[PDB]
Amino acid sequence: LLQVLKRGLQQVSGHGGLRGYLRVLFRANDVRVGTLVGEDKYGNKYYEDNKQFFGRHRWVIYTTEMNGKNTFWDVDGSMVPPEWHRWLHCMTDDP
Amino acid sequence: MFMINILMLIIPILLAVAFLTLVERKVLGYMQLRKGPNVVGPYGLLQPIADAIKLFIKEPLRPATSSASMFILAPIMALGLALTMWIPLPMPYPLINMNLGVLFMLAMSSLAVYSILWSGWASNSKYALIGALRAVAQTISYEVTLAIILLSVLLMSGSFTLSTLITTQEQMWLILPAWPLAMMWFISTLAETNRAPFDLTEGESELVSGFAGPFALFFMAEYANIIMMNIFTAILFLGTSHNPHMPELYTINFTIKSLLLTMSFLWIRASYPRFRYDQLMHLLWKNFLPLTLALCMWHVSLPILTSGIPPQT
Amino acid sequence: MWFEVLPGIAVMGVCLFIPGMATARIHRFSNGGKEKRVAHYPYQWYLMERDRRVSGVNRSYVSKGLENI
Amino acid sequence: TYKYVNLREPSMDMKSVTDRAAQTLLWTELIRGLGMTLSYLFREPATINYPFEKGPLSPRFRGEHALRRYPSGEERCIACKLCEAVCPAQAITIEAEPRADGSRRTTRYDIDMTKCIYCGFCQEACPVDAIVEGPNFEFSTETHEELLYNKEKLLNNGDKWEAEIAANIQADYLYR
Amino acid sequence: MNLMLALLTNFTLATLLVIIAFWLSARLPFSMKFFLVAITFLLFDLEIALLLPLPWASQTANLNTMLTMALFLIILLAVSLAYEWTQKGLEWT
Amino acid sequence: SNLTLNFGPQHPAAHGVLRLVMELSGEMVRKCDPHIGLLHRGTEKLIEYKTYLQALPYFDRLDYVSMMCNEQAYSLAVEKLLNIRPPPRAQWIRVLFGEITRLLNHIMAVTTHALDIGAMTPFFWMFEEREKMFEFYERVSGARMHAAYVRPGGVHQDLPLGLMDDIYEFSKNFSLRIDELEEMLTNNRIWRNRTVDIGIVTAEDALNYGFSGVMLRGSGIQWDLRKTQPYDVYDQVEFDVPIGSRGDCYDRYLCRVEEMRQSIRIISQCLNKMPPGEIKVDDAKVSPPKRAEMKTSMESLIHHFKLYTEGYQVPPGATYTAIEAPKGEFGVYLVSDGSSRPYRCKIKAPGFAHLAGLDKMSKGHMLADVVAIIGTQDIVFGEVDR
Amino acid sequence: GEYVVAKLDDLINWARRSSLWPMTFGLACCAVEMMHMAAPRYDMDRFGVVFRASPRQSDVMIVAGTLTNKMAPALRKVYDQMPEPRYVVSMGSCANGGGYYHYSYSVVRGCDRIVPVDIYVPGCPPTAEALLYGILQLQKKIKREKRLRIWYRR
Ligand SMILES: CCCCCCCCCCCCCCCCCC(=O)OC[C@H](COP(=O)(O)OCCN)OC(=O)CCCCCCCCCCCCCCCCC
Ligand SMILES: CCCCCCCCCCCCO[C@@H]1O[C@H](CO)[C@@H](O[C@H]2O[C@H](CO)[C@@H](O)[C@H](O)[C@H]2O)[C@H](O)[C@H]1O
Ligand SMILES: N=C(N)NC(=N)NCCc1ccc(I)c(Cl)c1
Ligand code: SF4
Ligand code: SF4
Ligand code: SF4
């Protein structure tokens with residue numbers, strides 16, 4: 003139980019402080035830390051954690067601006083470009 | 001200072017009711033292998049606020065009641081009586097220390113059904129009145145066992161004062177000597193508050209074809230009654246030791262027991278199918294009532310034959 | 001995970017903690033730091049009335065001891 | 001071969017009778033059900049964080065349609081009208097004529113996306129892999145008219161999604 | 001004085017919340054059985070009025086008399102239930 | 045008096061809307077008059093304007109919980125009029141996905157049966173399993189539900205590499221999931237109070253009213269079309285037919301739960317006995333050739349062109365072909381006039397006769413027992429109304 | 026005045042879109058994928074979209090399946106009994122424009138002939154994720170509303 007609490011605190015640091023921790027919590031409603039698989043030209047960031055169960059082992063943190071639109075709060079699934087769309091939906095294994 | 005005392009009872013009740021809707025949705029979500037609200041506010045903490053505002057700015061049904069005088073009276077009676085049941089609760093000190101507190105709550109709870117009836121008449125529909133008579137017939141039936149079970153427990157307490165239940169359980173919870181009564185008491189409250197598996201008004205309404218702000222007020226009244234039943238159940242059967250110097254120690258332990266009992270209605274709703282209307286009537290008139298009458302006989306005799314008669318004071 | 005249900009339970013728990021704690025605190029404030037006197041029967045009311053006279057300020061919860069003998 | 005699902009005779013020895021009486025009076029079989037829902041409360045939920053997480057799909061997934069090109073940029077479609085012929089919903093409307101260079105190409109290629117059943121028969125019938133159902137499924141609109149695709153819309157879908165469509169075709173064409 | 005003020009506050013707030021929420046003769050075919058449920062409730066409720074004094078009745082010197090009359094009343098309650106039961110007053114078919 | 049049951053529950057439900065006109069006396073049901081047609085879409089007339097391939101997707105949308113089983117029935121009827129035979133690997137795939145589909149249907153049948161009665165938690169546990177089986181549908185066909193995968197001649201495509209291992213992984217853990225479902229319902233006194241001795245139907249009445257499937261086997265009738273009149277490779281797999289003894293809702297509920305266990309038993313054999321080879325009849329006048337052949341061979345291209353425009357012609361004749369669908373006997377009376385479009389296509393939906401028996405089965409029951417009785421028949425108004 | 030109205034719309038738009046209680050017409054196939062959106066993988070309840078509601082407590086009607094001429098009057102009546110604000114989501118080809126039964130004598134060629142539609146969700150059936158995308162698209166549509174700004178400028 004002590005190690006469970008430690009993992010919780012490592013997520014705050016894993017998100018570059020409390021401000022970046024609260025940022026993803028209110029943007030994505032999730033504070034998991036993953037491995038940055040890559041980033042596309044629009045600013046979307048792609049993460050993986052194969053320790054998670056299938057369907058949660060890959061995710062994207064959407065960019066805050068895309069094509070002159072403010073997407074800090076307004077994100078949607080159509081913002082993923084086709085090259086990453088294949089990876090995010092597990093149609094392929096290779097990013 | 002007494003007005004202030006009234007407010008720090010009323011307002012915390014309505015906030016507790018608002019967030020019970022969140023807790024119910026999330027406890028049921030996880031028992032169903034999902035999450036429940038977790039987007040509107042961190043961990044869904046703003047979901048009750050979003051629902052409250054949504055319901056109040058929602059256009060009313062424009063129903064055209066048959067009695068405007070009594071269309072409005074029903075929700076006022078439901079919510080006014082629900083708040084009234086809290087004033088004699090010793091937590092550990094009651095807002096009003098009533099010598100006959102148990103009778104007061106038994107008497108006030110007997111008036112709850114008037115709101116069910118008055119809404120049926122105000123419905124202006126044959127089917128809504130029939131539904132109101134089935135809810136009333138179920139509620140009053142399960143009031144019979146609650147009154148007798150309550151009396152049987154008071155024969156070991158010796159008073160109608162709710163604080164005496166705390167003294168009665170200084171050395172031991174009443175659940176030990178009276179666990180058979182505790183079981184039927186708990187199920188009677190589920191049936192009394194029309195909760196699953198006894199949620200027949202919600203179910204039979206979902207069948208018959210024909211049968217927002219006012220909905221919200223009715224909802225809060227029902228959920229404030231659920232919390233109060235479980236607080237009363239903890240006081241009645243799981244009495245918390247009271248330290249006069251550290252009174253908030255009693256409140257913490259008492260609150261945890263109430264939450265666990267309230268969370269158990271949620272647990273039960275997640276676990277069982279729904280009774281059929283005649284089947285929950287057979288449950289009371291042919292199972293609980295014969296056993297409650299026999300245990301009422303037992304609990305009158307038991308203190309006498311053991312020389313364990315409690316004092317009046 | 002299941003522990004994400006606790007924040008909702010904590011808020012509802014604090015909401016149910018305020019009434020019992022508020023009544024106890026206000027009683028101590030209103031009764032000079034003591035429990036509010038309980039008078040259910042005529043005897044207890046008689047002594048509360050007598051204490052009100054004895055105190056000399058019309059306050060039953062002001063207690064007079066051996067210093068008035 | 002058969003088996004009986006409910007052909008058991010209860011044992012009437014006093015012990016077994018008392019076992020059933022305890023179940024009735026003490027609700028033991030109801031307590032057991034409460035254990036099962038309790039065990040789920042402490043299990044990890046199956047929910048995924050949409051839209052940040054997505055449901056897994058395969059290269060065969062039949063989503064939004066697109067018209068494809070050769071690597072040169074020439075359109076693959078030659079207005080053969082096999083897709084229009086096979087479409088179970090009559091959702092495709094095609095017209096064609098000789099292009100200014102004499103090429104056999106369409107002047108109209110419409111797909112009523114509110115008639116379509118997303119069955120993929122058109123992409124099976126196409127002899128040149130011109131029409132495909134792409135991987136996009138997040139294209140709901142606010143008006144009916146936006147779901148009546150013409151050739152410009154479908155060609156733009158091909159240019160938009162070709163990077164992923166080509167990869168999906170590469171991963172599945174040996175099963176076709 | 002305190003109880004009335006508590007009662008006034010509860011119902012005054014209920015009216016206040018209600019007004020915000022709202023603005024800012047023949048024979049019903051309902052069965053005989055449901056009538057006899059209400060009448061059964063009343064008669065049982067009346068016999069429950071008589072049992073309420075029992076927690077005070079147990080302090081009496083005349084315990085033999087009290088206990089006999091306490092069980093006598095509850096047994097008549099049982100016999101009343103037994104009679105409706107055997108006269109098919111509890112059946113819903 | 046006179047009531048009308050609502051179109052559907054307040055919670056989300058997928059089986060169609062019913063207009064049930066009820067006669068009651070007190071709590072008792074005196075008459076049930078089902079008014080259907082609220083989902084009648086003229087499927088059978090539409091099929092007459094389609095080629096035999098174009099009509100196949102109409103069958104996914106009948107009992108739209110048992111998609112591939114409906115496809116198999118239509119494919120068997122067409123293959124019988126064509127006088128051809130699908131290849132053995134296709135037959136094994138069709139039985140494999142027939143049993144996967146039976147799991148899909150029985151989960152929907154049993155957990156929505158509990159959900160309507162108010163036992164709602166098992167619904168959520170078991171549609172996570174249905175979600176994983178939707179992934180199997182989408183991996184072979186690209187569609188989660190309406191696959192159009194089984195076709196006259198075999199199956200459209202071969203299993204993707206790695207699919208069978210995943211099906212094995214799912215089947216490994218599934219029996220425990222059925223066990224948890226039974227923990228909530230089987231011995232629950234409330235569930236039994238809602239189901240035992242409800243909607244009793246005698247063996248003779250069941251036959252004369254045209255029942256099939258579990259509606260027959262719940263009354264002790266020893267009939268299963270997979271045993272008596274086997275199709276595809278069902279005569280090469282071992283399984284037991286569950287038989288009820290009391291003919292009521294509870295016995296039919298147990299039959300469906302046991303049928304789920306037998307489906308897992310059959311799936312285990314299909315995974316181990318899957319043979320190699322082609323997936324559609326090697327006969328390019330019925331089944332389209334491979335895309336590589338279509339782009340290299342003159343004969344292949346011609347046959348591709350004709351199969352996808354005119355379609356294949358079916359010799360004139362009429363067949364009634366039926367299978368053991370998850371909901372009972374699902375059949376098609378298919379009439380060919382020698383052309384490439386069916387002349388007539390009557391669909392025998394097992395729920396059509398079952399809902400016609402609701403009035404009989406509900407006599408002398410309570411208003412809430414009608415909920416359980418429509419539940420135990422497992423009605424999808426897509427197949428009832430066509 | 027101008028500032029308050031802007032922040033006030035922000036509040037009520039937040040409340041209405043964060044608490045979307047749906048009435049689903051499970052007419053046909055598409056209701057199955059609708060159930061899968063309520064199932065644990067997507068858990069529509071976590072967005073505030075409750076499981077069960079009742080027509081007279083609902084904010085959004087989801088027409089999930091084929092609408093026949095026989096069913097058309099009953100669907101319109103439910104829409105007419107919904108308290109406002111009310112939205113309609115057309116789910117799948119049948120409800121969108123008739124779909125695979127478009128040319129049938131007994132099918133309404135699109136539910137938008139009977140009720141006004143806010144969102145059209147394509148597919149036959151749309152995947153549960155596609156429907157969830159459409160529901161979150163409707164939330165964005167509500168987030169764009171400006172009832173008080175328009176009212177204040179009348
Ligand atoms: C030394 C001498 C001493 C003398 C005294 C000795 C006493 C001996 C007697 C001991 C046993 C008494 C048991 C009393 C408990 C009540 C029993 C009961 O009423 O259960 C029977 C009831 C009927 O069920 P059924 O299957 O239909 O039986 C056929 C009836 N014709 O079944 C039901 O109630 C069904 C209830 C369904 C709903 C339950 C759902 C919740 C279950 C978990 C709740 C756990 C309770 C938690 C308690 C919390 C308390 C704070
Ligand atoms: C928890 C307290 C929160 C208090 C917040 C106070 C903010 C007050 C702003 C109220 C804005 C209400 O906005 C408005 O509400 C009513 C019903 O509620 C809706 O309904 C109304 O409009 C429609 C057409 O527009 C009418 O046909 C209908 O008769 C009418 O009821 C409106 O469509 C909506 O635009
Ligand atoms: N979906 C349901 N109808 N049930 C439910 N959980 N309703 C909760 C809705 C509600 C009602 C009043 C208030 I005040 C608040 Cl805060 C929330
Ligand atoms: S997917 Fe099927 S229905 Fe849609 S356009 Fe292609 S052939 Fe026609
Ligand atoms: S898309 Fe393909 S099948 Fe359709 S007309 Fe063009 S080349 Fe022919
Ligand atoms: S759109 Fe497709 S899945 Fe939905 S009801 Fe129509 S045929 Fe069925």
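Residue numbers (the entry's author numbering), protein chains in the order written: chain q, 3 to 97; chain H, 1 to 211, 217 to 318; chain a, 1 to 69; chain I, 1 to 176; chain A, 1 to 24, 46 to 114; chain D, 45 to 430; chain B, 26 to 179. Where is the CB? At the ideal position from N, CA and C, for every residue including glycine.
- Sequence-distant partners of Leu-100 of chain D (beyond 5 residues in either direction) whose C-beta falls short of 7 Å from its own C-beta, in its chain, are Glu-115, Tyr-118, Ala-192 and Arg-195.
- Distance check between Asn-127 of chain D and each of D:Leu-399, D:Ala-336 and D:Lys-329 places D:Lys-329 closest, using alpha-carbon atoms only.
- In this chain, the beta strand (DSSP E) harbouring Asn-46 of chain D covers 46–49.
- For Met-48 of chain a, none of the residues of chain H pass the 9 Å Cβ criterion, the least Cβ distance being about 13 Å.
- Taking the CA atoms as reference points, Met-12 of chain a sits about 23 Å from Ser-276 of chain H.
- Taken atom to atom, the span from the alpha-carbon of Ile-95 of chain A to that of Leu-151 of chain H is near 12 Å.
- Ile-57 of chain H has its CB no nearer than 8 Å to any heavy atom of ligand 3.
- For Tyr-130 of chain B, no beta strand (DSSP E) run applies, since DSSP gives it neither H nor E.
- Residue side-chain check: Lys-291 of chain H places its Cβ nearer than 8 Å to a non-hydrogen atom of ligand 1.
- The beta carbons of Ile-63 of chain q and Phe-52 of chain I sit closer together than 9 Å.
- Taking 8 Å as the cut-off, the C-beta of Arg-172 of chain B counts as close to a heavy atom of ligand 2.
- Residue pairing from DSSP places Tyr-4 of chain I in a beta bridge opposite D:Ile-287.
- The C-beta of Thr-61 of chain A comes no closer than 9 Å to any C-beta of chain D.
- By the rule that beta-carbons nearer than 9 Å mark a contact, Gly-134 of chain I does not touch chain D.
- Annotation for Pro-47 of chain B: the continuous beta strand (DSSP E) segment containing it runs 47–51.
- At a beta-carbon threshold of 9 Å, the residues of chain q lying near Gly-55 of chain I are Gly-57, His-91 and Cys-92, ordered along the chain.
- DSSP places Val-33 of chain q in no alpha helix (DSSP H); its state is neither H nor E.
- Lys-53 of chain q and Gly-36 of chain q have their C-alpha atoms roughly 10 Å apart.
- One Cα belongs to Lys-81 of chain I, the other to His-65 of chain I, and the distance between them is close to 16 Å.
- Using beta-carbon distances, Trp-113 of chain A counts as an interface residue toward chain D, with a partner under 9 Å.
- Per DSSP, the unbroken beta strand (DSSP E) holding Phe-374 of chain D starts and ends at 372–380.
- Closer than 8 Å to some heavy atom of ligand 2: that does not describe the Cβ of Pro-197 of chain H.
- The beta carbons of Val-102 of chain H and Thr-161 of chain H sit closer together than 9 Å.
- For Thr-15 of chain A, the chain H residues whose C-beta falls within less than 7 Å of its own C-beta are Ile-76, listed in chain order.
- For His-304 of chain H, the enclosing alpha helix (DSSP H) stretches over residues 294–311.
- For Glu-67 of chain D, not one C-beta of chain A is nearer than 9 Å to its own C-beta.
- Per the coordinates, the alpha-carbon of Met-81 of chain q lies some 46 Å from the alpha-carbon of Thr-201 of chain H.
- Look at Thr-86 of chain A: its C-beta is not under 9 Å from any C-beta on chain H.
- Not one heavy atom of ligand 2 is found less than 8 Å from the C-beta of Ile-11 of chain H.
- Exposed is the label assigned to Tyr-173 of chain I, since fewer than 16 other Cβ atoms lie within 10 Å of its Cβ.
- Chain-order list of chain q residues neighbouring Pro-42 of chain H: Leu-24, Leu-27, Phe-28 and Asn-31, by C-beta distance under 9 Å.
- Not one heavy atom of ligand 4 falls within 8 Å of the beta-carbon of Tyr-126 of chain B.
- Identification of residues in the region 44–60 of chain B having a C-beta nearer than 9 Å to some C-beta of chain D yields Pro-47, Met-48, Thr-49, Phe-50, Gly-51, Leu-52, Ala-53, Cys-54, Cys-55, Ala-56, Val-57, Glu-58, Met-59 and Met-60, given in sequence order.
- Residue ranges of uninterrupted alpha helix (DSSP H) with 4 or more members, entirely inside the region 248–332 of chain D and ordered along the chain, are 258–261, 269–272 and 293–317.
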